[PDB]
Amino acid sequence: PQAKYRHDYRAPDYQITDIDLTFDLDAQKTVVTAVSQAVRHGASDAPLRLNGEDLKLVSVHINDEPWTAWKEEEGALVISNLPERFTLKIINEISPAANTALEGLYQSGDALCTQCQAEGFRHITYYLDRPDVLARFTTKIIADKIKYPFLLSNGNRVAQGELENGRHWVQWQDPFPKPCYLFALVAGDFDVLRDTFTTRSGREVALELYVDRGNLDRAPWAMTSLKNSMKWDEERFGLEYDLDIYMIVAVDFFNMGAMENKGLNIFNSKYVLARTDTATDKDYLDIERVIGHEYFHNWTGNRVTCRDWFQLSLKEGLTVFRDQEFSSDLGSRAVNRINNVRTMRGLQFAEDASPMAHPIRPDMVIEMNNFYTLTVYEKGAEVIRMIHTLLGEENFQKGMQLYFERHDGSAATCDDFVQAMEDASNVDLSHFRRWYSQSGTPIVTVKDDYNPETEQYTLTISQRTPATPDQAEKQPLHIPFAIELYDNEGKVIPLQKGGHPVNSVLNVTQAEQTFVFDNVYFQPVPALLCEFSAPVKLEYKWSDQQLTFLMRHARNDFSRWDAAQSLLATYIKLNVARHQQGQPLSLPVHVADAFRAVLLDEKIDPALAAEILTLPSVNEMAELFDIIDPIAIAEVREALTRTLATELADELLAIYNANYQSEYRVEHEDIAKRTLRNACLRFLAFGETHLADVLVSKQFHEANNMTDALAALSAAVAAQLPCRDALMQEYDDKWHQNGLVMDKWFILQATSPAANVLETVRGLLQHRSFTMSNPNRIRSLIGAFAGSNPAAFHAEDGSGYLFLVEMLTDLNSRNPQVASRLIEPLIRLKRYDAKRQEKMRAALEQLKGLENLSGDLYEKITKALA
């Protein structure tokens, strides 16, 4: 399998302007007839090179002439000797029922549906499967009426009829030219929730949500979120929907979260289906986020698409930024920012330190599906957010307007987007562009000095990015570095120099630079990298008292949570070193006191209190260390929880009780209270055993919602309480028929601290609610074990690696995309000790020798073993 390089981009020799598709649909054998209008742009002797994978070719005609001048090759149909403009007709067969990879057209339960990103359309017919080829689609679908009463594709229904032998047909037309990755087709029998949205200019849009029969009770929240998303994009970005119908289909079998196919999104049902007894506050907020995300792609992705797949961040980073702004505008901005920063620090930073490290605009790709990553999405969004920081909302919106004005109806590049931002704002972004082409996390080191004779505060700031496996050379970036200075009363000291105000976003552009501030009347406590103003690691020699001062006085809630994180980092690092020497936890009294003060503070937003009282996960803790000791990290996290539970027992129980809510509401004040209450519960589960057991068991049984029932169940598992086995069995007996609800239970089983966790996980491969045919089940059981239980995955006997190898040996053949997601914990070997590395290398060498090794795994394994 051959690498492809961004620098090799070349305009296509042929364009296809219009394509008329017919599907004679059947799960065993689908016949596709594709009639394309092609125009040559390249040299008159250039052949037409169509992509195709796993297709049975039936015929090729050019202007209705059976064509003799073609050859099939690996992944291609090469057609020679063509006129300048012509009608191409291809007939080919495919088999949805045999498509276990879930790429192209496949079977999802009884339904047929598509997943065409990045390059799945070539699994349906021979085509120019590249996103700079934009065609107007019309799609006719012919199927058995009883099996497939609903036949959906992009756009509007323009014809329909019935046939003999119990078949019917529908034809769809989408007036907007589109790259083929936005093609979608759905056939099946569904319940449909129907509603309407009227755009600000008065266009009435029919909204239709298709769910499996019986699931209509779980549909209204997603419909509500869709209307919320539409309204918000109008208010915030001035964008309206541009078609007459918006369809969403929820499918159980889906390798991704959701896809933005024009006017016909297809969603993993995990991001659609919610009822208060089945779904948590977090599920509700995730549905909102992902409904919004796919809706926001209508402009940032669809009306302006990607010239090539190396530009993936152009749509994904910008759309993630938009979904974050949506969630933040509608909810708690501080909570959203906190959560996204934890994802950056705990998950993305790890990827940027891995063999798969890549810039947000990659330079080299073997399997494009390997690059739908935390880097392209989450760091890509941090990069858009830095442009927003540098320009401010007004200029940023001007740049959006110029971007759409220039690029509406075409495929664009990351560079085009930056250029629009720069032209609209008159902010020079040429050094800034380096964030697109350099991989790795910068480390920003800050030293300060207060001069009492001159009343000046000096920050000496430096930056470096360590070399990564993909790039030996690194250069300084344009780092927006937001600061705030506090006097001893907690008041902000105006920033100024030489009689003029200074902007609080510093431009850190050099390897080393000094910034001097005048009229600093008192020695300041600084807040640094405010609101995580750049995606970097900060090195500053904090005192404990500077941090607790900030937790008490910082103006932005983010800064208070972030000061607590820096405070905790110090003692997590201390206690991991202690664990390694056989010693128990040590924590100064004044550190527990800072957390007591948060619990008892009446003025603090419960949303903030809740996040400060949620300890960093084992993955966030891992990023504090050069060499990861996952067993010490897990045990230290538990010991810290036990220590805080003992020191704060009375305060924890008071706040738990005060935040009781008899009514369940999916509303941001109610959610904040309940998140605080359940954060208290986590600690309380580690109190005196009988007391803990009673409290947890009672919450589980009296819960009037899944958020509270799951928080109880999770605490019983985490603290290994006596009630655990009974509660876990009760949930199984109640919920086994419901895969999405069982995913929560598989996760708890997979991440359990019990000594026998792997044995339990292996037995659950035979559980009635588990199946290897379903990516959600796989991710909930196997993926959560390997990625979210590193202590057990990295068991010293190497049993975790051997288990993952057995699972990937199956999935490599069955569903390479899911296999490649799941291999990720194994490729982090260089972060671990020598003895672990050699077992992990051994596991990777075993996988490398697999017969029919997928390109998806090949790419990661070869990087990991380099």
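Start at 1 with the first residue shown and count on from there.
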Mean Cα B factor from the PDB record: higher for 142-150, or higher for 511-519? 511-519
Give the stretch, out of 98-106 and 448-456, with the larger mean C-alpha temperature factor in the deposited entry. 448-456
What's the residue among 120, 480, 257, 582 with the greatest CA temperature factor in the PDB record? 582
One of 293, 315, 734, 379 has the largest Cα B-factor in the entry, namely 734
Residue 500, C-alpha B-factor rank within chain (lowest, middle or highest third): highest
Third of the chain, ranked by Cα B-factor, where residue 820 sits: middle
Using the B-factors in the PDB entry, rank residue 34's C-alpha atom against the chain and give the third, lowest, middle or highest. lowest
What third of its chain, lowest, middle or highest, does the C-alpha temperature factor of residue 854 fall into? middle
Would you check the entry's CA temperature factor for residue 4 and let me know if it's in the chain's lowest, middle or highest third? highest
